[PDB]
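Each chain gets a letter, A, B and so on, in the order the sequences are listed, and its residues count up from 1. Heavy-atom basis, side chains included; hydrogens, waters and symmetry copies ignored. Order of appearance sets the numbers: ligands from 1, and atoms from 1 within every ligand.
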Amino acid sequence: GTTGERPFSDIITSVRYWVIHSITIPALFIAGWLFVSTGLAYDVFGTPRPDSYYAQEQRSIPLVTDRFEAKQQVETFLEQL
Amino acid sequence: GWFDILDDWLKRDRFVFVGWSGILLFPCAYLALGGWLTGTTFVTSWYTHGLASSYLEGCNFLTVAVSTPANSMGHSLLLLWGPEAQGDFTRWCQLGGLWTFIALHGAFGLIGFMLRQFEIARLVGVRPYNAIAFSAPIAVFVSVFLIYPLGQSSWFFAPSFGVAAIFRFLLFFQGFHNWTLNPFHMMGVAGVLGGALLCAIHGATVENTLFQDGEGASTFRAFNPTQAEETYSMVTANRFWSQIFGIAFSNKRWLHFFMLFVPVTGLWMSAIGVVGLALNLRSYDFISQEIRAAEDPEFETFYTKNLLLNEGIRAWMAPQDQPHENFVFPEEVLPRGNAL
Amino acid sequence: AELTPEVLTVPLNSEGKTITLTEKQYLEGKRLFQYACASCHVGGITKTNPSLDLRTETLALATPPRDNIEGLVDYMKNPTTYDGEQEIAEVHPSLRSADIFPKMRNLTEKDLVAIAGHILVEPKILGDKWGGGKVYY
Amino acid sequence: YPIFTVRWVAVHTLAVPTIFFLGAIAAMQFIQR
Amino acid sequence: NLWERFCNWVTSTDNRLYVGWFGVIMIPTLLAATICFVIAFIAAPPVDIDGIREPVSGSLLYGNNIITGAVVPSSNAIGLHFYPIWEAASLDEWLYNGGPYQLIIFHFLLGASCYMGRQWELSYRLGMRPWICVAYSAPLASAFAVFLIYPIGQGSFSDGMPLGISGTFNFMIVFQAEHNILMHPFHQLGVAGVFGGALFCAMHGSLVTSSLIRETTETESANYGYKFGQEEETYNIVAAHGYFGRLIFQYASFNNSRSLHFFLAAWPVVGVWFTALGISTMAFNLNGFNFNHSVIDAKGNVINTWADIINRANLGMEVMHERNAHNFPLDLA
Amino acid sequence: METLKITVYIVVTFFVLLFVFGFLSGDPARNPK
Amino acid sequence: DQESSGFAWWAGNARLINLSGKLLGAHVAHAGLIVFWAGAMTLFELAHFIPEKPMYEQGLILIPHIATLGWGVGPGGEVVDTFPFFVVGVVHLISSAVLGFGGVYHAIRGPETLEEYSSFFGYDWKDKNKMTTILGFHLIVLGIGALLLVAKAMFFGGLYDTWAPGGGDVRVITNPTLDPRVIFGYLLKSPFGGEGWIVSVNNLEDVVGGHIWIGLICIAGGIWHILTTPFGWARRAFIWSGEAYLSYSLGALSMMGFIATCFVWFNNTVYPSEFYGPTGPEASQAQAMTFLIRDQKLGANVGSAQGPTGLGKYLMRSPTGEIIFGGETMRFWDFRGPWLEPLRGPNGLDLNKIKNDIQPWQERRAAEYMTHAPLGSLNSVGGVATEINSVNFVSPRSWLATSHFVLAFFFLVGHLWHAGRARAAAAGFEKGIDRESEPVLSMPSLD
Ligand code: CLA
Ligand code: CLA
Ligand code: CLA
Ligand code: CLA
Ligand code: CLA
Ligand SMILES: CCCCCCCCCCCCCCCC(=O)OC[C@H](COP(=O)(O)OC[C@@H](O)CO)OC(=O)CCCCCCCCCCCCCCC
Ligand SMILES: CC1=C(/C=C/C(C)=C/C=C/C(C)=C/C=C/C=C(C)/C=C/C=C(C)/C=C/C2=C(C)CCCC2(C)C)C(C)(C)CCC1
Ligand SMILES: CC1=C(/C=C/C(C)=C/C=C/C(C)=C/C=C/C=C(C)/C=C/C=C(C)/C=C/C2=C(C)CCCC2(C)C)C(C)(C)CCC1
Ligand SMILES: CC1=C(/C=C/C(C)=C/C=C/C(C)=C/C=C/C=C(C)/C=C/C=C(C)/C=C/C2=C(C)CCCC2(C)C)C(C)(C)CCC1
Ligand SMILES: [Cl-]
Ligand SMILES: [Cl-]
Ligand SMILES: [Fe+3]
């Protein structure tokens with residue numbers, strides 16, 4: 001039988017829904033866009049930008065060597081850029 | 001009482017059942033799945049592996065991975081508040097913290113799901129064989145993602161969560177453990193493929209032995225879930241397979257148990273053998289064959305050819321697959337046949 | 001690491017003069033090199049004769065010297081063997097043999113400077129990988 | 001019919017970030033090295 | 001009529017095994033391939049598969065166990081040429097060059113093709129619907145892919161899958177080195193087909209065993225609650241659907257047995273079809289995705305991904321397969 | 001060798017002829033209804 | 001609606017089985033799609049075509065078909081004028097609109113059945129006379145179409161002939177081969193290596209000739225089927241229904257698709273390598289040639305050079321003795337091509353001709369074909385799988401060979417599907433087993 005919530009059919013059909021969601025779905029989508037276009041996603045997650053993988057004269061990969069001072073080792077890598 | 005009141009609400013018949021098991025399942029599953037999605041979209045692997053691995057870096061759906069932590073972290077739980085990250089979300093990501101986050105929240109999610117199958121089975125009135133059968137997925141996940149790296153030097157040599165990363169894992173296991181030669185993996189092949197076979201053949205048999213219960217040429221309408229009669233003919237399906245193959249099922253209960261048994265048994269066998277590979281206790285060689293081949297350079301089997309391939313894999317992929325080893329192989333040590 | 005003016009500065013002739021290519025110029029040579037050359041010369045090797053690669057070191061010991069813009073343009077106009085003894089346009093694409101090598105017909109003088117610029121620039125970016133073959137893949 | 005339910009929460013914890021992530025992944029196609 | 005008696009027995013439904021007209025080809029061809037396989041697995045001498053006069057031992061009596069033993073494919077010098085016994089100057093030359101392989105695989109492919117037809121045939125004689133043979137087409141196509149189709153496109157039965165456990169693995173490894181089949185979406189759909197089939201097989205079996213209707217005591221097997229040919233269903237589909245619909249949500253469950261059983265057929269068969277097609281189209285060197293050096297930094301440095309790690313492993317298989325057979329730097333055969 | 005070739009050619013012809021002539025000897029009529 | 005016919009929406013075209021007007025409509029509508037794609041694809045190819053590049057470096061499969069028919073090309077395959085490509089696309093595209101207009105009209109506007117509208121176009125599937133008659137008409141059309149190829153080759157410019165002396169060119173075909181011992185000798189060669197069945201046809205004379213033959217065979221059979229009804233042995237050996245005939249053609253379309261695969265993979269006559277890129281065997285043979293020429297120029301004696309295995313490094317023998325290219329290309333020694341046949345003597349490759357008679361255009365051709373082998377990744381990276389990105393290329397031969405094997409395999413599945421169903425519909429149990437008359441329940445027990 002039916003459990004009790006409003007059917008999804010009647011919801012994506014109803015006018016109230018698309019009044020609300022023609023703003024919300026684009027808003028989040030634009031939000032996601034701005035998260036990348038502002039460069040915020042780079043700094044939140046620490047992912048290198050195309051110019052931040054090496055120094056201008058380096059082909060050695062910045063591999064973490066020590067377990068416990070590792071946090072500091074990554075930051076000594078970012079400084080050499 | 002408040003416990004009986006909370007039990008009343010957790011066990012409510014909704015669209016998505018919750019249950020007591022939901023308090024464990026949903027947050028852990030949602031966090032495992034959210035952590036994979038988060039990392040494959042944004043998080044690098046440049047400091048753990050020297051690899052790119054996010055949509056943000058240029059990777060596609062086949063090459064994104066939440067990659068394993070660097071070998072130097074050992075078997076560190078790599079907690080956010082632990083000693084390596086020290087509460088820095090940025091550094092935790094850069095150090096591989098999403099890997100343990102996913103694996104651990106995933107492990108507990110799988111516990112929650114199996115408890116869920118128990119919880120729903122008891123409320124509904126059925127035996128709990130579906131949860132029993134889910135043991136095989138859990139046994140596989142535990143052996144490959146937890147035990148296997150716990151056996152090895154670090155979480156680094158666990159599978160990284162990604163499509164191509166998983167493929168590399170497959171190839172590492174051929175070149176290093178000669179995993180195809182292990183009879184416990186062979187028993188898994190036979191239970192996976194034999195399960196596919198039983199799935200295909202039982203579905204076809206039922207669909208091609210149906211009784212005529214409607215007049216429509218699309219035969220699906222001719223079933224009502226509340227009906228009492230079998231919808232296909234066990235007698236006719238039996239004679240057919242008796243005369244085609246030699247043997248045929250004659251007991252519907254044994255047939256469906258057998259469909260449980262086979263792929264469940266096989267995944268459990270492959271876990272066992274992975275447990276062996278945690279310790280490098282491989283089926284890598286046959287001693288008799290190596291003794292013959294060392295004394296007789298004209299002896300050549302497909303077994304000895306595969307070993308040449310394993311040796312090529314190891315020397316050609318190890319300098320970049322194991323970058324903490326600072327491997328430098330000068331060209332002349334690389335194994336290679338003529339021309340190539 | 002960036003495609004800097006320092007990176008894009010390669011020898012012009014054999015007397016020490018240089019030329020500084022733009023990013024756009026470098027990207028042109030890379031596209032033109034893939035159109036005309038990469039079938040035989042991908043990655044700086046030479047599929048139809050691995051003994052002669054596009055490495056700056058090798059081009060320097062060629063006759064005439066081919067490790068600057070001049071000689072590579074000249075070579076794309078009138079190629080010779082490694083000692084400059086035989087002219088080989090009959091078997092190597094060039095402007096002289098554009099009748100039998102059609103992909104060389106539509107190449108301007110600017111297009112030859114870019115391609116040469118890309119041949120000299122790429123080993124600076126990728127180092128031993130340029131010309132090293134599948135060991136460095 | 002009620003409007004907010006356990007389902008409501010479930011669809012929105014999957015869907016809200018999905019559209020957000022598709023947006024972020026959308027813009028990533030225009031990143032030039 | 002005497003021919004009508006023969007035809008009445010060929011097509012009889014009262015035979016313990018159904019023969020049929022497809023069977024008039026199936027029985028001799030399979031018997032020939034089976035007898036020759038057994039004899040060559042035990043006794044064959046070494047075979048010069050790569051046509052470089054470096055013979056490869058494959059039989060038990062020549063120092064192989066069940067795992068390392070194979071009927072070795074016929075010589076690369078032979079290529080796609082037909083090579084029966086009578087084309088050879090002597091049995092000794094035939095064994096050296098890989099004769100039993102062609103004899104076996106061609107008789108087997110013929111025999112299994114007629115096995116498929118036999119399935120349609122008996123089904124027609126029994127009043128059945130006819131499509132079981134369509135399901136069996138998925139493994140048959142797969143066998144066709146690795147014994148016949150892949151040799152055609154590559155140009156030699158010597159690249160056929162060896163008839164042996166280790167030989168099979170040598171086939172998979174060299175295939176991945178040459179075609180990157182892990183990165184090919186048609187093999188991925190095959191994985192999705194056999195994994196999914198294993199899962200669904202597991203699922204259907206646990207769900208039906210779960211809903212079995214109490215008919216026995218505890219001191220006996222639940223199986224003795226079903227008697228061969230009862231008209232009542234032995235489990236409760238409604239309870240099973242009640243369970244599984246709550247496990248996920250109700251619309252993600254099957255309440256129609258025929259609709260569920262159709263899904264059980266279609267998921268592995270389609271996926272195996274595609275993976276047969278993947279071997280069959282990689283035969284013509286349309287290979288899996290190649291992402292080598294796909295990600296680059298702003299200076300132009302390569303930034304490896306996992307694809308580039310897969311390549312380092314592919315390379316190591318590449319330069320070691322057929323280690324003496326290449327005289328020129330491109331692997332075009 | 002040639003004796004074998006002729007022997008197999010005869011064998012193969014024999015069975016192939018059983019197949020074509022068997023399936024022409026009224027197959028559709030051989031069914032239960 | 002499904003309650004009226006029995007078939008569901010996903011099997012909705014089965015509602016057309018006994019509605020000849022709508023069925024005609026879908027058919028004519030589908031034929032428009034084919035012709036539409038043919039014209040549309042051509043213009044796309046022409047809008048992207050570059051004359052200075054070979055056709056096979058550009059992802060073209062249609063322009064190669066048009067050029068093989070002798071339109072657009074000059075000596076050695078060079079494109080000299082592109083207007084004939086343009087016409088072929090426009091005309092197909094314009095025609096598709098016609099085929100579409102009639103197809104849609106018959107589908108939703110015309111009369112659903114034809115049997116009451118006209119006694120000539122109407123048909124009942126079980127009517128063996130009318131079916132053989134429709135078969136006969138179409139056989140006649142097929143014969144005419146095969147003769148149009150003859151006429152284009154003999155009377156209207158000819159065909160491209162990669163074998164033409166001085167290098168391939170357009171050539172008018174004056175003496176088609178009519179000798180039945182040659183034309184039907186192809187139909188009797190072995191499919192296996194060094195033979196090739198019909199795929200081995202290696203001269204336009206044999207091609208043009210075979211088409212004169214099937215052109216005549218078809219028209220005769222067409223007349224024969226218009227005038228006769230099926231004999232009694234055929235009546236009792238077949239199933240006479242619409243689905244049954246559809247299955248018979250699926251099997252045939254399948255067999256043809258496999259054959260098409262092998263043709264474009266091995267044959268370089270009706271698929272000129274000038275247009276389609278070298279074949280697999282060819283590019284490998286071209287590789288061996290290229291290194292022979294290079295090493296010999298350095299001073300090697302390619303006849304007596306022994307290779308690591310002991311076999312010859314450049315030259316060995318075949319199993320029947322012929323001098324062939326050495327190395328792993330030994331498998332490809334059945335290859336034949338115009339760039340290599342000048343070096344072929346009666347005993348195989350002639351060591352003297354190798355030493356003194358190799359011409360620059362051959363060295364250029366071998367190098368070109370070696371570095372354009374039909375090997376590439378799904379995303380069109382050219383080479384072995386271990387190749388780094390750089391070369392955007394997959395041979396048209398790979399693309400054409402792989403697609404038509406897929407289509408062929410699925411149409412064989414289609415044949416098995418509709419064949420068995422046709423047989424069960426005719427016998428009356430395609431919907432399942434009658435409970436009150438279960439056949440097995442009346443047979444005796446196996447034991
Ligand atoms: C015929 C080919 C073949 C076959 C049939 C198999 C079959 C198998 N292999 Mg083997 N293997 C092969 C070839 C083959 N292999 C070859 C040639 C190699 C190279 C040597 C390998 C290398 C290899 C490795 C390295 C491993 C296997 C393993 C396995 C097993 C995996 C079972 C499974 O489902 O894991 C899948 C994983 C699980 C079921 C874990 C639980 C997962 C949960 C339930 C997922 C839930 C997801 C969640 C809902 C959200 C997902 C969302 C997201 C998609 C967006 C299985 C027995 C594995 C093994 O033995 O494990 C014990 C293993 O680690 N194979
Ligand atoms: C090549 C594809 C193809 C073709 C040619 C047809 C054709 C047909 N189908 Mg089938 N069908 C197809 C694919 C196709 N189908 C597929 C893929 C499905 C699965 C979704 C179905 C499912 C299906 C069902 C369930 C049914 C049919 C039926 C029909 C027939 C009547 C349709 C109708 O009533 O339309 C009415 C629709 C319209 C009037 C809307 C407009 C449609 C037209 C054709 C648009 C044309 C646009 C075009 C650009 C105009 C060109 C103009 C010209 C000047 C160039 C018709 C002969 C019906 C049948 O058998 O009835 C007895 C039926 O019940 N089909
Ligand atoms: C036999 C048909 C065929 C063949 C051989 C080719 C071959 C080619 N086409 Mg063409 N093309 C075709 C049909 C074909 N095309 C069709 C039908 C269309 C209309 C959409 C086009 C439109 C088209 C365009 C617009 C272009 C090409 C181009 C190309 C080239 C690149 C192909 C590529 O990268 O694909 C990419 C590969 C794929 C998309 C993989 C698809 C896999 C399919 C979906 C598998 C299907 C399996 C099966 C049928 C599914 C049913 C299963 C079920 C029954 C169980 C290549 C030379 C390109 C070119 O270079 O032009 C100069 C180009 O731009 N084609
Ligand atoms: C295979 C195709 C085909 C078939 C079998 C039919 C059959 C029929 N059509 Mg239809 N029709 C078709 C295609 C077809 N049509 C096309 C393509 C169009 C669009 C142009 C139309 C437009 C159309 C209309 C508008 C009408 C019909 C009608 C009819 C009926 C009467 C025809 C008659 O008496 O002709 C008698 C014979 C002739 C008039 C001479 C025809 C000469 C032909 C065209 C010469 C060219 C032949 C050559 C081989 C064609 C090559 C085609 C190319 C793609 C290869 C009949 C049931 C009528 C109907 O049913 O009304 C209720 C009606 O009104 N058709
Ligand atoms: C599209 C083509 C086509 C089609 C569909 C038909 C269909 C039909 N024809 Mg017609 N026919 C055609 C073309 C066609 N014909 C042409 C062009 C001619 C002129 C040569 C003839 C001459 C002809 C005659 C003389 C007769 C028919 C008859 C028949 C009917 C029975 C066919 C049969 O039993 O085949 C089954 C085929 C066999 C039983 C042959 C034996 C098995 C062979 C050897 C199998 C070989 C296959 C194998 C894979 C090799 C293939 C490649 C190569 C080596 C040959 C049927 C209605 C019969 C009838 O009743 O007419 C009134 C009849 O007597 N046709
Ligand atoms: C219409 C498209 C067909 C696609 C290929 C065929 C799919 C199913 C084949 C499985 C055969 C299994 C063995 C016997 C199985 C068997 O016995 O089937 C039995 C089952 C029921 O048969 P019925 O007799 O009721 O219906 C068949 C005819 O009689 C029509 O009424 O058949 C179907 O439902 C066919 C459904 C057609 C619609 C299929 C669409 C599904 C594919 C969609 C595309 C997927 C692409 C994936 C890309 C990655
Ligand atoms: C990590 C972490 C966390 C978490 C977070 C989360 C929870 C997130 C989520 C997220 C999410 C939740 C996301 C999502 C995403 C999604 C996506 C990104 C999707 C996409 C899709 C697509 C793309 C599709 C595709 C397809 C398919 C699959 C089908 C059909 C075909 C197609 C192609 C259409 C926290 C902070 C708590 C803590 C710390 C750590
Ligand atoms: C039945 C049916 C169907 C189908 C339909 C169809 C299939 C149709 C077809 C249709 C068609 C098939 C159409 C066609 C059309 C075409 C056209 C419309 C064209 C036009 C063209 C033009 C106009 C051209 C132009 C030009 C020129 C002249 C030159 C060059 C350039 C250009 C291109 C501009 C369906 C499925 C839907 C479903 C329902 C029913
Ligand atoms: C054009 C051309 C040519 C020629 C061609 C020809 C001349 C063809 C012919 C063809 C033919 C002449 C074909 C035929 C075929 C046949 C078939 C395909 C058959 C089928 C059969 C069937 C299907 C049967 C069945 C059955 C049986 C087995 C038993 C009883 C039952 C039944 C009836 C079902 C050449 C190569 C010179 C060159 C290129 C171009
Ligand atoms: Cl090997
Ligand atoms: Cl070689
Ligand atoms: Fe079942």
What N/O/S atom of [X] is the closest to the Fe ion (ligand 12)?
X      : value
B/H256 : NE2
E/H204 : NE2
B/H202 : NE2

Distance-only polar pair, side chains of [X] and [Y], donor-acceptor under 3.5 Å:
X      : Y      : answer
E/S253 : E/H241 : yes
E/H81  : G/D334 : yes
B/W316 : E/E318 : no
G/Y314 : G/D295 : yes

